[PDB]
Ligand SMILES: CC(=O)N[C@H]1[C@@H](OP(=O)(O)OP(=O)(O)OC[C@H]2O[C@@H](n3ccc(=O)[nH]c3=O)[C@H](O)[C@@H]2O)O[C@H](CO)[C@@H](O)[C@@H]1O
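One chain comes next, on its own, written out as structure tokens in the form deposited without the named molecule.
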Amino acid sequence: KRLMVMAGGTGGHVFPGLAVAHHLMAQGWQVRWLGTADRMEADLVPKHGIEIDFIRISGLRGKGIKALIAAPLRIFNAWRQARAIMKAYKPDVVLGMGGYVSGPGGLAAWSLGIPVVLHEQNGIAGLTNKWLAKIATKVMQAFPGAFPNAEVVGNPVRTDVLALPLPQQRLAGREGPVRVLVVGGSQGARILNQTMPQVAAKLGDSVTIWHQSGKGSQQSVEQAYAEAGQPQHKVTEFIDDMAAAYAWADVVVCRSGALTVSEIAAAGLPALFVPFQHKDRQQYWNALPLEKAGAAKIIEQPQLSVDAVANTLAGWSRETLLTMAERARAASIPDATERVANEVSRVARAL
């Protein structure tokens, strides 16, 4: 069976799409990618041993369906390019993980009678997925709320995180300072590198921190902690083994990208989410589900301060943290990858 995946690196849709592709390739499936030449998937997908076909959508990015149809020549051309690719590759089903390229791609598949399956990783539907869903044979979403009735299947999560012991077991008999894990990602989180050292000064002996500063920020954060009078805290540029860090932690302080929220839920860890601000507030919507379940606390930019973070952490006892961890695990969906792959398989079967 042939599967064509539409998922660009922008918006981070390529990673979950890659998870599904690899899962199906292990089932004998042939997978081909549909993306754009000057985007991240152009370099990453080939490194995964997967072939990729390109189309041009220049000037069409950021346009919703009404805006696309208002550009007759360009939308028709991208649509014709995708149609040619699909007539040649002849996929049995097309999977759209979100992203602008999936618009013309989805329209091409649909016009050719190829079933379209979509997956939305965020708490709020992306511009393209929102309208593409109307010609989709099957629509899935990671969290509830992005779409009114789409089956909730979660996002793919790293196997090592999924393998972690349940919260009660992991936290059993644990006493001593609340272990705070600060995660900034490869590039690091500027606001966290600046805020946490002062938070440490306010909380003193009540917490033990492992702060991941991001590339080239190890030295300055390490210095900030010493200046705050809490030099004993651990600061690393990166964390290669997130599963090991999650197993150690009592609570995590980090941004709320969609995959990150799913990973946190699967790890069964309480979190204090600092959503990246944006008029769309995508990350805010990604974290909301966990906050609603009482597994995390969201502090958007408009309320972020040293005192807000410090007071928030200080208010969480070990009993409260255990409850939050369990609620996180409960809000988790461990087999998102298999579920999506199975639905893509069922739809290709025309069942």
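The first residue of the sequence shown is number 1, and the count goes up from there.
When the mean C-alpha temperature factors of 318-326 and 55-63 are read from the deposited coordinates, 55-63 comes out higher. Legend: mean Cα B-factor per stretch from the PDB entry, 180-188 versus 96-104; the higher mean is in 180-188. For the set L44, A296, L68, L34, the PDB entry assigns the largest Cα B-factor to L44.
Of the candidates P197, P144, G126, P72, the one whose C-alpha carries the top B factor in the deposited record is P144. Sorting the modelled residues of the chain by their CA temperature factor places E237 in the middle third.
When the modelled residues of the chain are ordered by C-alpha B-factor, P91 sits in the highest third. Looking at the C-alpha B-factors along this chain, the one for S256 belongs to the lowest third. Looking at the C-alpha B-factors along this chain, the one for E263 belongs to the lowest third. Among all modelled residues in its chain, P148 ranks in the highest third by Cα B-factor.
Keep in mind that the form solved in complex with the named molecule is not shown, yet the notes after this line are about it.
The stretch that touches the named molecule in the bound PDB entry, counting heavy atoms within 4.5 Å, is 252-260, out of 110-118, 199-207, 252-260, 72-80. Contact check for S186: a non-hydrogen atom falls within 4.5 Å of the named molecule in the bound PDB entry. Taking the partner from the other structure, the named molecule in the bound PDB entry has no heavy atom within 4.5 Å of any heavy atom of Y89.
Using a 4.5 Å cutoff between non-hydrogen atoms, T36 does not count as a contact of the named molecule in the bound PDB entry. Proximity of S102 to the named molecule in the bound PDB entry falls outside the 4.5 Å heavy atom cutoff. When the named molecule is considered in the bound PDB entry, only one residue from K138, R179, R158, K130 comes within 4.5 Å through any heavy atom, namely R158. Taking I191, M242, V152, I85 one by one, only a single residue has any non-hydrogen atom within 4.5 Å of the named molecule in the bound PDB entry, and it is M242. Of all the residues from 264-288, those having a non-hydrogen atom no more than 4.5 Å from the named molecule in the bound PDB entry are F276, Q282, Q283, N286.
A shift of at least 3 angstroms pushes the Cα atoms of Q301 and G11 further from each other in the bound PDB entry than in the displayed structure.
Compared with the form shown here, the Cα atoms of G11 and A245 move at least 3 Å closer together in the bound PDB entry.
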